[PDB]
file run.tsv (TSV, N, CA and C atoms)
chain	number	residue	atom	x	y	z
K	1	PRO	N	0.82	-1.22	0.00
K	1	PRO	CA	0.00	0.00	0.00
K	1	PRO	C	0.85	1.27	0.00
K	2	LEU	N	0.52	2.23	-0.86
K	2	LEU	CA	1.27	3.49	-0.94
K	2	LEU	C	1.12	4.33	0.32
K	3	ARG	N	2.08	5.23	0.53
K	3	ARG	CA	2.09	6.08	1.72
K	3	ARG	C	3.28	7.03	1.68
K	4	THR	N	3.05	8.29	2.04
K	4	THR	CA	4.14	9.24	2.14
K	4	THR	C	4.91	9.00	3.43
K	5	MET	N	6.21	9.29	3.41
K	5	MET	CA	7.05	9.04	4.57
K	5	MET	C	6.66	9.91	5.75
K	6	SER	N	6.49	9.28	6.91
K	6	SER	CA	6.23	9.99	8.15
K	6	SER	C	7.41	9.79	9.10
K	7	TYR	N	7.34	10.38	10.29
K	7	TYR	CA	8.43	10.26	11.25
K	7	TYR	C	8.64	8.82	11.70
K	8	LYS	N	7.65	8.28	12.42
K	8	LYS	CA	7.72	6.91	12.90
K	8	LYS	C	8.09	5.99	11.74
K	9	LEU	N	7.67	6.38	10.54
K	9	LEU	CA	7.99	5.63	9.33
K	9	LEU	C	9.49	5.63	9.10
K	10	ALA	N	10.03	6.78	8.69
K	10	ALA	CA	11.46	6.93	8.45
K	10	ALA	C	12.27	6.41	9.63
K	11	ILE	N	11.80	6.71	10.84
K	11	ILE	CA	12.48	6.28	12.05
K	11	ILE	C	12.68	4.77	12.07
K	12	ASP	N	11.59	4.05	12.28
K	12	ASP	CA	11.63	2.59	12.35
K	12	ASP	C	12.44	2.01	11.19
K	13	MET	N	12.33	2.64	10.03
K	13	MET	CA	13.05	2.18	8.84
K	13	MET	C	14.56	2.28	9.02
K	14	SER	N	15.02	3.47	9.40
K	14	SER	CA	16.45	3.73	9.57
K	14	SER	C	17.16	2.59	10.28
K	15	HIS	N	16.53	2.05	11.31
K	15	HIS	CA	17.11	0.97	12.09
K	15	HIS	C	17.00	-0.35	11.34
K	16	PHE	N	15.82	-0.61	10.80
K	16	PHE	CA	15.57	-1.82	10.03
K	16	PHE	C	16.70	-2.09	9.04
K	17	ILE	N	17.28	-1.02	8.50
K	17	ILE	CA	18.36	-1.13	7.53
K	17	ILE	C	19.70	-1.38	8.21
K	18	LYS	N	19.96	-0.64	9.28
K	18	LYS	CA	21.19	-0.83	10.04
K	18	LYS	C	21.22	-2.23	10.62
K	19	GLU	N	20.08	-2.67	11.14
K	19	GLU	CA	19.95	-4.02	11.68
K	19	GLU	C	20.21	-5.06	10.59
K	20	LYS	N	20.07	-4.64	9.34
K	20	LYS	CA	20.36	-5.51	8.20
K	20	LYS	C	21.71	-5.18	7.57
K	21	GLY	N	22.61	-4.61	8.38
K	21	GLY	CA	23.94	-4.27	7.93
K	21	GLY	C	23.94	-3.59	6.57
K	22	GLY	N	23.12	-2.55	6.44
K	22	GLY	CA	23.01	-1.83	5.19
K	22	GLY	C	23.52	-0.40	5.26
K	23	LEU	N	24.10	0.06	4.16
K	23	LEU	CA	24.53	1.45	4.01
K	23	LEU	C	25.82	1.82	4.73
K	24	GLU	N	25.95	1.37	5.98
K	24	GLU	CA	27.08	1.76	6.81
K	24	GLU	C	28.42	1.64	6.09
K	25	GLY	N	29.00	2.78	5.74
K	25	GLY	CA	30.31	2.81	5.11
K	25	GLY	C	30.29	2.58	3.61
K	26	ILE	N	29.10	2.47	3.04
K	26	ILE	CA	28.97	2.24	1.60
K	26	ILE	C	29.10	3.54	0.82
K	27	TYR	N	29.76	3.47	-0.33
K	27	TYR	CA	30.06	4.66	-1.12
K	27	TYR	C	28.84	5.16	-1.88
K	28	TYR	N	28.74	6.47	-2.02
K	28	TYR	CA	27.55	7.10	-2.58
K	28	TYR	C	27.72	7.52	-4.03
K	29	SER	N	26.64	7.38	-4.80
K	29	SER	CA	26.58	7.89	-6.16
K	29	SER	C	25.15	8.30	-6.44
K	30	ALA	N	24.98	9.37	-7.22
K	30	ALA	CA	23.66	9.86	-7.58
K	30	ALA	C	22.82	8.74	-8.19
K	31	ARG	N	23.50	7.70	-8.67
K	31	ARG	CA	22.83	6.52	-9.18
K	31	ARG	C	22.37	5.66	-8.01
K	32	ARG	N	23.28	5.40	-7.08
K	32	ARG	CA	22.97	4.60	-5.90
K	32	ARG	C	21.89	5.27	-5.05
K	33	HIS	N	21.82	6.59	-5.14
K	33	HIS	CA	20.79	7.35	-4.43
K	33	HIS	C	19.41	6.85	-4.85
K	34	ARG	N	19.13	6.92	-6.14
K	34	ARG	CA	17.84	6.47	-6.66
K	34	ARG	C	17.64	4.98	-6.39
K	35	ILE	N	18.74	4.24	-6.33
K	35	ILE	CA	18.68	2.82	-6.02
K	35	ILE	C	18.00	2.61	-4.67
K	36	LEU	N	18.32	3.50	-3.73
K	36	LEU	CA	17.70	3.47	-2.42
K	36	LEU	C	16.24	3.88	-2.50
K	37	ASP	N	15.99	5.05	-3.07
K	37	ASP	CA	14.63	5.56	-3.25
K	37	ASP	C	13.68	4.45	-3.67
K	38	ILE	N	14.18	3.53	-4.48
K	38	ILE	CA	13.35	2.50	-5.08
K	38	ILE	C	13.10	1.32	-4.15
K	39	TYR	N	14.13	0.88	-3.43
K	39	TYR	CA	13.95	-0.22	-2.49
K	39	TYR	C	12.75	0.04	-1.59
K	40	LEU	N	12.67	1.26	-1.06
K	40	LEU	CA	11.59	1.64	-0.15
K	40	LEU	C	10.23	1.51	-0.82
K	41	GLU	N	10.19	1.82	-2.11
K	41	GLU	CA	8.93	1.82	-2.84
K	41	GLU	C	8.49	0.40	-3.21
K	42	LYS	N	9.43	-0.43	-3.65
K	42	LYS	CA	9.11	-1.80	-4.05
K	42	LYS	C	8.88	-2.71	-2.84
K	43	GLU	N	9.58	-2.42	-1.75
K	43	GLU	CA	9.54	-3.28	-0.58
K	43	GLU	C	8.67	-2.73	0.54
K	44	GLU	N	8.62	-1.40	0.65
K	44	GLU	CA	7.87	-0.77	1.74
K	44	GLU	C	6.84	0.25	1.25
K	45	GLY	N	6.69	0.36	-0.07
K	45	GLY	CA	5.71	1.25	-0.66
K	45	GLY	C	5.77	2.67	-0.14
K	46	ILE	N	6.98	3.18	0.03
K	46	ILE	CA	7.18	4.53	0.55
K	46	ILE	C	7.40	5.53	-0.57
K	47	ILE	N	6.62	6.61	-0.54
K	47	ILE	CA	6.76	7.68	-1.51
K	47	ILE	C	8.13	8.34	-1.37
K	48	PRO	N	9.00	8.14	-2.37
K	48	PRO	CA	10.39	8.60	-2.37
K	48	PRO	C	10.52	10.11	-2.55
K	49	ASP	N	9.52	10.86	-2.10
K	49	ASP	CA	9.58	12.32	-2.12
K	49	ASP	C	10.41	12.81	-0.94
K	50	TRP	N	10.84	11.85	-0.13
K	50	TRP	CA	11.48	12.12	1.15
K	50	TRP	C	12.98	12.35	1.01
K	51	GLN	N	13.65	11.45	0.30
K	51	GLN	CA	15.11	11.46	0.27
K	51	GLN	C	15.68	12.72	-0.36
K	52	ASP	N	16.25	13.58	0.49
K	52	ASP	CA	16.88	14.82	0.07
K	52	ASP	C	17.95	15.19	1.09
K	53	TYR	N	18.90	16.03	0.71
K	53	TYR	CA	20.01	16.39	1.59
K	53	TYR	C	20.42	17.85	1.47
K	54	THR	N	21.42	18.25	2.26
K	54	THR	CA	21.98	19.60	2.17
K	54	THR	C	23.06	19.63	1.10
K	55	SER	N	23.10	20.71	0.33
K	55	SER	CA	24.10	20.84	-0.73
K	55	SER	C	25.49	20.59	-0.17
K	56	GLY	N	25.80	21.27	0.93
K	56	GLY	CA	27.11	21.16	1.55
K	56	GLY	C	27.87	22.47	1.45
K	57	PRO	N	29.20	22.39	1.32
K	57	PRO	CA	29.94	21.13	1.26
K	57	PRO	C	30.08	20.47	2.63
K	58	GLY	N	31.22	19.85	2.88
K	58	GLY	CA	31.44	19.13	4.12
K	58	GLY	C	30.46	17.99	4.26
K	59	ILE	N	29.98	17.77	5.48
K	59	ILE	CA	29.01	16.71	5.73
K	59	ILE	C	27.66	17.07	5.12
K	60	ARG	N	26.98	16.07	4.57
K	60	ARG	CA	25.66	16.26	3.99
K	60	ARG	C	24.60	15.66	4.89
K	61	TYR	N	23.65	16.48	5.31
K	61	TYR	CA	22.60	16.02	6.22
K	61	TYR	C	21.25	15.92	5.50
K	62	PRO	N	20.41	14.97	5.93
K	62	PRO	CA	19.09	14.69	5.34
K	62	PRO	C	18.07	15.81	5.57
K	63	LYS	N	17.30	16.13	4.53
K	63	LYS	CA	16.22	17.10	4.65
K	63	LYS	C	14.91	16.42	5.05
K	64	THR	N	15.02	15.25	5.66
K	64	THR	CA	13.86	14.53	6.18
K	64	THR	C	14.18	14.01	7.58
K	65	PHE	N	13.83	14.81	8.59
K	65	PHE	CA	14.10	14.45	9.98
K	65	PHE	C	13.56	13.06	10.29
K	66	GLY	N	14.18	12.38	11.24
K	66	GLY	CA	13.83	11.01	11.55
K	66	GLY	C	14.76	10.06	10.83
K	67	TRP	N	15.27	10.52	9.69
K	67	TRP	CA	16.25	9.76	8.94
K	67	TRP	C	17.58	9.78	9.69
K	68	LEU	N	18.14	8.60	9.91
K	68	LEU	CA	19.33	8.47	10.75
K	68	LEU	C	20.58	8.07	9.97
K	69	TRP	N	20.70	8.57	8.75
K	69	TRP	CA	21.89	8.32	7.93
K	69	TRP	C	22.42	9.61	7.32
K	70	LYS	N	23.71	9.87	7.52
K	70	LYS	CA	24.34	11.09	7.00
K	70	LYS	C	25.48	10.78	6.03
K	71	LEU	N	25.66	11.67	5.05
K	71	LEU	CA	26.73	11.53	4.06
K	71	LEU	C	28.00	12.22	4.54
K	72	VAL	N	29.08	11.45	4.67
K	72	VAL	CA	30.34	11.97	5.19
K	72	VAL	C	31.50	11.73	4.21
K	73	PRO	N	32.19	12.80	3.80
K	73	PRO	CA	33.35	12.70	2.90
K	73	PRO	C	34.50	11.88	3.49
K	74	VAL	N	35.41	11.41	2.64
K	74	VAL	CA	36.56	10.65	3.11
K	74	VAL	C	37.87	11.38	2.83
K	75	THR	N	36.62	10.97	-12.93
K	75	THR	CA	35.37	10.96	-12.19
K	75	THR	C	34.23	10.39	-13.03
K	76	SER	N	33.00	10.54	-12.53
K	76	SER	CA	31.82	10.06	-13.24
K	76	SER	C	30.79	11.19	-13.35
K	77	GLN	N	29.65	10.92	-13.99
K	77	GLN	CA	28.58	11.91	-14.11
K	77	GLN	C	27.53	11.76	-13.01
K	78	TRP	N	27.73	10.78	-12.14
K	78	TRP	CA	26.97	10.66	-10.91
K	78	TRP	C	27.87	11.12	-9.77
K	79	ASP	N	28.98	11.76	-10.13
K	79	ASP	CA	29.99	12.22	-9.19
K	79	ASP	C	29.40	13.30	-8.27
K	80	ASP	N	30.26	13.96	-7.50
K	80	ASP	CA	29.79	14.93	-6.50
K	80	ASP	C	29.99	16.38	-6.93
K	81	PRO	N	28.91	17.17	-6.89
K	81	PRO	CA	28.92	18.60	-7.21
K	81	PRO	C	29.96	19.39	-6.43
K	82	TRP	N	30.40	18.85	-5.29
K	82	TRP	CA	31.45	19.50	-4.50
K	82	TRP	C	32.77	18.76	-4.65
K	83	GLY	N	32.84	17.87	-5.63
K	83	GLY	CA	34.05	17.12	-5.91
K	83	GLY	C	34.54	16.30	-4.74
K	84	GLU	N	33.69	16.14	-3.74
K	84	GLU	CA	34.04	15.35	-2.57
K	84	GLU	C	33.50	13.93	-2.70
K	85	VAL	N	34.07	13.02	-1.91
K	85	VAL	CA	33.55	11.67	-1.83
K	85	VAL	C	32.54	11.61	-0.69
K	86	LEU	N	31.54	10.75	-0.81
K	86	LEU	CA	30.52	10.63	0.22
K	86	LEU	C	30.15	9.18	0.48
K	87	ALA	N	29.99	8.84	1.76
K	87	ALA	CA	29.61	7.50	2.16
K	87	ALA	C	28.61	7.55	3.32
K	88	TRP	N	27.69	6.60	3.34
K	88	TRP	CA	26.64	6.56	4.35
K	88	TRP	C	27.18	6.19	5.73
K	89	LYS	N	26.52	6.70	6.77
K	89	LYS	CA	26.93	6.44	8.15
K	89	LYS	C	25.77	6.73	9.10
K	90	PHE	N	25.56	5.84	10.07
K	90	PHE	CA	24.43	5.97	10.98
K	90	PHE	C	24.70	7.01	12.06
K	91	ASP	N	23.64	7.69	12.49
K	91	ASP	CA	23.75	8.70	13.54
K	91	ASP	C	22.39	8.97	14.16
K	92	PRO	N	22.19	8.50	15.40
K	92	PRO	CA	20.94	8.63	16.14
K	92	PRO	C	20.66	10.07	16.58
K	93	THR	N	21.70	10.90	16.60
K	93	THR	CA	21.55	12.30	16.99
K	93	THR	C	20.57	13.00	16.06
K	94	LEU	N	20.50	12.51	14.83
K	94	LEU	CA	19.64	13.10	13.81
K	94	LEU	C	18.17	12.80	14.08
K	95	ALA	N	17.92	12.03	15.13
K	95	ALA	CA	16.56	11.73	15.55
K	95	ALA	C	16.12	12.74	16.60
K	96	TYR	N	17.09	13.45	17.16
K	96	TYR	CA	16.84	14.42	18.22
K	96	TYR	C	17.65	15.68	17.99
K	97	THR	N	18.04	15.89	16.74
K	97	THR	CA	18.80	17.07	16.34
K	97	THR	C	18.67	17.28	14.84
K	98	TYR	N	17.83	18.22	14.45
K	98	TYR	CA	17.61	18.53	13.04
K	98	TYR	C	18.82	19.26	12.48
K	99	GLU	N	19.95	18.56	12.42
K	99	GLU	CA	21.20	19.13	11.96
K	99	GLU	C	21.00	20.00	10.73
K	100	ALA	N	20.04	19.63	9.90
K	100	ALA	CA	19.72	20.38	8.69
K	100	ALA	C	19.43	21.85	9.01
K	101	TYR	N	18.26	22.11	9.58
K	101	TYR	CA	17.87	23.48	9.89
K	101	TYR	C	18.77	24.08	10.97
K	102	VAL	N	19.56	23.23	11.61
K	102	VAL	CA	20.56	23.70	12.57
K	102	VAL	C	21.62	24.52	11.85
K	103	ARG	N	22.26	23.89	10.86
K	103	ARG	CA	23.42	24.47	10.20
K	103	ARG	C	23.06	25.13	8.87
K	104	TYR	N	22.10	24.53	8.15
K	104	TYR	CA	21.67	25.07	6.87
K	104	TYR	C	20.18	25.37	6.85
K	105	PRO	N	19.73	26.33	7.68
K	105	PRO	CA	18.31	26.68	7.73
K	105	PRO	C	17.85	27.37	6.45
K	106	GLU	N	18.81	27.89	5.69
K	106	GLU	CA	18.51	28.68	4.50
K	106	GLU	C	17.98	27.84	3.34
K	107	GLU	N	18.06	26.52	3.48
K	107	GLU	CA	17.64	25.62	2.41
K	107	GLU	C	16.23	25.07	2.64
K	108	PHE	N	15.31	25.95	3.05
K	108	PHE	CA	13.93	25.55	3.33
K	108	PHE	C	12.92	26.59	2.84
K	109	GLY	N	12.16	26.22	1.81
K	109	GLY	CA	11.18	27.12	1.23
K	109	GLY	C	11.65	27.71	-0.09
C	1	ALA	N	14.09	-11.08	-14.33
C	1	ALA	CA	14.51	-9.93	-15.13
C	1	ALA	C	14.09	-8.62	-14.48
C	2	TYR	N	12.90	-8.60	-13.90
C	2	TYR	CA	12.39	-7.43	-13.18
C	2	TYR	C	12.73	-7.53	-11.70
C	3	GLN	N	12.60	-8.73	-11.15
C	3	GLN	CA	12.89	-8.99	-9.75
C	3	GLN	C	14.38	-9.27	-9.54
C	4	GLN	N	15.09	-9.57	-10.63
C	4	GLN	CA	16.53	-9.80	-10.59
C	4	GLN	C	17.31	-8.50	-10.79
C	5	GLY	N	16.99	-7.79	-11.87
C	5	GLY	CA	17.61	-6.51	-12.15
C	5	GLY	C	17.38	-5.54	-11.00
C	6	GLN	N	16.34	-5.82	-10.22
C	6	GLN	CA	16.08	-5.08	-8.99
C	6	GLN	C	17.01	-5.57	-7.87
C	7	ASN	N	17.12	-6.88	-7.73
C	7	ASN	CA	17.90	-7.48	-6.64
C	7	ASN	C	19.40	-7.17	-6.74
C	8	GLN	N	19.96	-7.36	-7.93
C	8	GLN	CA	21.39	-7.12	-8.14
C	8	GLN	C	21.79	-5.70	-7.77
C	9	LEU	N	20.85	-4.77	-7.89
C	9	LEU	CA	21.08	-3.39	-7.50
C	9	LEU	C	21.07	-3.26	-5.98
C	10	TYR	N	20.11	-3.93	-5.34
C	10	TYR	CA	20.03	-3.96	-3.88
C	10	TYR	C	21.38	-4.39	-3.31
C	11	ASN	N	22.00	-5.35	-4.00
C	11	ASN	CA	23.28	-5.91	-3.59
C	11	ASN	C	24.34	-4.84	-3.32
C	12	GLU	N	24.38	-3.82	-4.18
C	12	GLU	CA	25.37	-2.75	-4.06
C	12	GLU	C	25.28	-2.07	-2.69
C	13	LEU	N	24.21	-2.35	-1.96
C	13	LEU	CA	23.95	-1.67	-0.70
C	13	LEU	C	23.85	-2.65	0.47
C	14	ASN	N	24.22	-3.91	0.22
C	14	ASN	CA	24.20	-4.94	1.25
C	14	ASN	C	22.80	-5.41	1.64
C	15	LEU	N	21.92	-5.54	0.65
C	15	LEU	CA	20.57	-6.06	0.87
C	15	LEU	C	20.14	-6.95	-0.30
C	16	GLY	N	19.44	-8.04	0.01
C	16	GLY	CA	19.00	-8.98	-1.01
C	16	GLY	C	19.21	-10.44	-0.64

call {"tool": "encode", "arguments": {"input": "run.tsv", "output": "structure tokens"}}
result
Amino acid sequence: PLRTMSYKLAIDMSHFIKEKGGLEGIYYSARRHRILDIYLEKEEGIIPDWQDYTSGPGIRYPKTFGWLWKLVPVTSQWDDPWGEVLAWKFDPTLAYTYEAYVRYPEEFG
Amino acid sequence: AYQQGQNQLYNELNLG
């Protein structure tokens, strides 16, 4: 059944993936991004309108609170607009700290 | 082909 991403939704999910040894330390590509967007839709019927991040540079944080995965730095056309490398990493602080509007409040609206 | 081409992609992320 279809459904837009909610908090408890994204929340419970974030762990479900970590518990399945997913994403942690895996390298990012604009291709792999959509690869994720799709898993949620085919397996969990989640409207992929959710997955978004901060331009940066430096660390990239999710524009969907409750999401507990952040992009951290360490060519191709799915490469990085900031020429940096990015890999997924878990962080529970993002469940109680909207790092997004914290550091990049200007990227809303 | 549809469920496989989907799965092999999941693999890149440690799921499947």

call {"tool": "axis_aligned_box", "arguments": {"input": "run.tsv", "around": "region 73-82 of chain K", "padding_each_side": "5 Å", "output": "lines of an AutoDock Vina configuration file"}}
result
center_x = 32.4
center_y = 14.8
center_z = -5.2
size_x = 20.9
size_y = 19.4
size_z = 27.9

call {"tool": "closest_atom_pairs", "arguments": {"input": "run.tsv", "of": "chain C", "to": "chain K", "cutoff": "8 Å", "atoms": "only N, CA and C atoms", "output": "JSON lines"}}
result
{"residue": "C:9", "atom": "C", "partner": "K:35", "partner_atom": "CA", "distance": 6.5}
{"residue": "C:10", "atom": "N", "partner": "K:35", "partner_atom": "C", "distance": 6.9}
{"residue": "C:12", "atom": "C", "partner": "K:26", "partner_atom": "CA", "distance": 7.1}
{"residue": "C:13", "atom": "C", "partner": "K:23", "partner_atom": "N", "distance": 4.6}
{"residue": "C:14", "atom": "C", "partner": "K:22", "partner_atom": "CA", "distance": 5.0}
{"residue": "C:15", "atom": "N", "partner": "K:22", "partner_atom": "CA", "distance": 6.0}

call {"tool": "select_by_dssp", "arguments": {"input": "run.tsv", "residues": "chain K", "states": "alpha helix (DSSP H)", "output": "mmCIF file with N, CA and C atoms, in the frame of the given file"}}
result
data_model
loop_
_atom_site.group_PDB
_atom_site.id
_atom_site.type_symbol
_atom_site.label_atom_id
_atom_site.label_comp_id
_atom_site.auth_asym_id
_atom_site.auth_seq_id
_atom_site.Cartn_x
_atom_site.Cartn_y
_atom_site.Cartn_z
ATOM 1 N N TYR K 7 7.340 10.380 10.290
ATOM 2 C CA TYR K 7 8.430 10.260 11.250
ATOM 3 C C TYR K 7 8.640 8.820 11.700
ATOM 4 N N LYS K 8 7.650 8.280 12.420
ATOM 5 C CA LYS K 8 7.720 6.910 12.900
ATOM 6 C C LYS K 8 8.090 5.990 11.740
ATOM 7 N N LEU K 9 7.670 6.380 10.540
ATOM 8 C CA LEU K 9 7.990 5.630 9.330
ATOM 9 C C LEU K 9 9.490 5.630 9.100
ATOM 10 N N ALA K 10 10.030 6.780 8.690
ATOM 11 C CA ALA K 10 11.460 6.930 8.450
ATOM 12 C C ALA K 10 12.270 6.410 9.630
ATOM 13 N N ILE K 11 11.800 6.710 10.840
ATOM 14 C CA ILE K 11 12.480 6.280 12.050
ATOM 15 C C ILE K 11 12.680 4.770 12.070
ATOM 16 N N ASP K 12 11.590 4.050 12.280
ATOM 17 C CA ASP K 12 11.630 2.590 12.350
ATOM 18 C C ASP K 12 12.440 2.010 11.190
ATOM 19 N N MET K 13 12.330 2.640 10.030
ATOM 20 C CA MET K 13 13.050 2.180 8.840
ATOM 21 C C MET K 13 14.560 2.280 9.020
ATOM 22 N N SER K 14 15.020 3.470 9.400
ATOM 23 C CA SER K 14 16.450 3.730 9.570
ATOM 24 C C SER K 14 17.160 2.590 10.280
ATOM 25 N N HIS K 15 16.530 2.050 11.310
ATOM 26 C CA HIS K 15 17.110 0.970 12.090
ATOM 27 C C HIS K 15 17.000 -0.350 11.340
ATOM 28 N N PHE K 16 15.820 -0.610 10.800
ATOM 29 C CA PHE K 16 15.570 -1.820 10.030
ATOM 30 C C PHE K 16 16.700 -2.090 9.040
ATOM 31 N N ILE K 17 17.280 -1.020 8.500
ATOM 32 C CA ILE K 17 18.360 -1.130 7.530
ATOM 33 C C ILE K 17 19.700 -1.380 8.210
ATOM 34 N N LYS K 18 19.960 -0.640 9.280
ATOM 35 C CA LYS K 18 21.190 -0.830 10.040
ATOM 36 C C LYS K 18 21.220 -2.230 10.620
ATOM 37 N N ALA K 30 24.980 9.370 -7.220
ATOM 38 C CA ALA K 30 23.660 9.860 -7.580
ATOM 39 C C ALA K 30 22.820 8.740 -8.190
ATOM 40 N N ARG K 31 23.500 7.700 -8.670
ATOM 41 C CA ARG K 31 22.830 6.520 -9.180
ATOM 42 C C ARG K 31 22.370 5.660 -8.010
ATOM 43 N N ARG K 32 23.280 5.400 -7.080
ATOM 44 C CA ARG K 32 22.970 4.600 -5.900
ATOM 45 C C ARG K 32 21.890 5.270 -5.050
ATOM 46 N N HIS K 33 21.820 6.590 -5.140
ATOM 47 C CA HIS K 33 20.790 7.350 -4.430
ATOM 48 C C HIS K 33 19.410 6.850 -4.850
ATOM 49 N N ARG K 34 19.130 6.920 -6.140
ATOM 50 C CA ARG K 34 17.840 6.470 -6.660
ATOM 51 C C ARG K 34 17.640 4.980 -6.390
ATOM 52 N N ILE K 35 18.740 4.240 -6.330
ATOM 53 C CA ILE K 35 18.680 2.820 -6.020
ATOM 54 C C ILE K 35 18.000 2.610 -4.670
ATOM 55 N N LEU K 36 18.320 3.500 -3.730
ATOM 56 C CA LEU K 36 17.700 3.470 -2.420
ATOM 57 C C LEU K 36 16.240 3.880 -2.500
ATOM 58 N N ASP K 37 15.990 5.050 -3.070
ATOM 59 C CA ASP K 37 14.630 5.560 -3.250
ATOM 60 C C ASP K 37 13.680 4.450 -3.670
ATOM 61 N N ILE K 38 14.180 3.530 -4.480
ATOM 62 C CA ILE K 38 13.350 2.500 -5.080
ATOM 63 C C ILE K 38 13.100 1.320 -4.150
ATOM 64 N N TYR K 39 14.130 0.880 -3.430
ATOM 65 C CA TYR K 39 13.950 -0.220 -2.490
ATOM 66 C C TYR K 39 12.750 0.040 -1.590
ATOM 67 N N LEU K 40 12.670 1.260 -1.060
ATOM 68 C CA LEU K 40 11.590 1.640 -0.150
ATOM 69 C C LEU K 40 10.230 1.510 -0.820
ATOM 70 N N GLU K 41 10.190 1.820 -2.110
ATOM 71 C CA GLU K 41 8.930 1.820 -2.840
ATOM 72 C C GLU K 41 8.490 0.400 -3.210
ATOM 73 N N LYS K 42 9.430 -0.430 -3.650
ATOM 74 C CA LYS K 42 9.110 -1.800 -4.050
ATOM 75 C C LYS K 42 8.880 -2.710 -2.840
ATOM 76 N N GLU K 43 9.580 -2.420 -1.750
ATOM 77 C CA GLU K 43 9.540 -3.280 -0.580
ATOM 78 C C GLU K 43 8.670 -2.730 0.540
ATOM 79 N N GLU K 44 8.620 -1.400 0.650
ATOM 80 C CA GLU K 44 7.870 -0.770 1.740
ATOM 81 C C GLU K 44 6.840 0.250 1.250
ATOM 82 N N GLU K 99 19.950 18.560 12.420
ATOM 83 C CA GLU K 99 21.200 19.130 11.960
ATOM 84 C C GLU K 99 21.000 20.000 10.730
ATOM 85 N N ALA K 100 20.040 19.630 9.900
ATOM 86 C CA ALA K 100 19.720 20.380 8.690
ATOM 87 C C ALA K 100 19.430 21.850 9.010
ATOM 88 N N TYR K 101 18.260 22.110 9.580
ATOM 89 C CA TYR K 101 17.870 23.480 9.890
ATOM 90 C C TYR K 101 18.770 24.080 10.970
ATOM 91 N N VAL K 102 19.560 23.230 11.610
ATOM 92 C CA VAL K 102 20.560 23.700 12.570
ATOM 93 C C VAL K 102 21.620 24.520 11.850
ATOM 94 N N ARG K 103 22.260 23.890 10.860
ATOM 95 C CA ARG K 103 23.420 24.470 10.200
ATOM 96 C C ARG K 103 23.060 25.130 8.870
#

call {"tool": "atom_distance", "arguments": {"input": "run.tsv", "atom1": "CA of residue 19 (chain K)", "atom2": "CA of residue 37 (chain K)"}}
result
18.5 Å

call {"tool": "atom_distance", "arguments": {"input": "run.tsv", "atom1": "atom C of residue 109 (chain K)", "atom2": "atom N of residue 60 (chain K)"}}
result
19.8 Å

call {"tool": "atom_distance", "arguments": {"input": "run.tsv", "atom1": "atom N of residue 7 (chain C)", "atom2": "CA of residue 3 (chain K)"}}
result
22.0 Å

call {"tool": "closest_residue", "arguments": {"input": "run.tsv", "among": "K:76, K:101, K:92, K:84", "to": "residue 63 (chain K)", "atoms": "all atoms listed in the file"}}
result
K:101

call {"tool": "select_by_dssp", "arguments": {"input": "run.tsv", "residues": "chain K", "states": "strand (DSSP E)", "output": "list in words"}}
result
residues 3, 4, 46, 47, 69, 70, 71, 72, 87, 88, 89 and 90 of chain K

call {"tool": "residues_around", "arguments": {"input": "run.tsv", "residues": "region 5-11 of chain K", "least_positions_apart": "2", "cutoff": "8 Å", "atoms": "only N, CA and C atoms", "output": "number ranges by chain"}}
result
K: 2-3, 13-16, 45-50, 64-68, 95
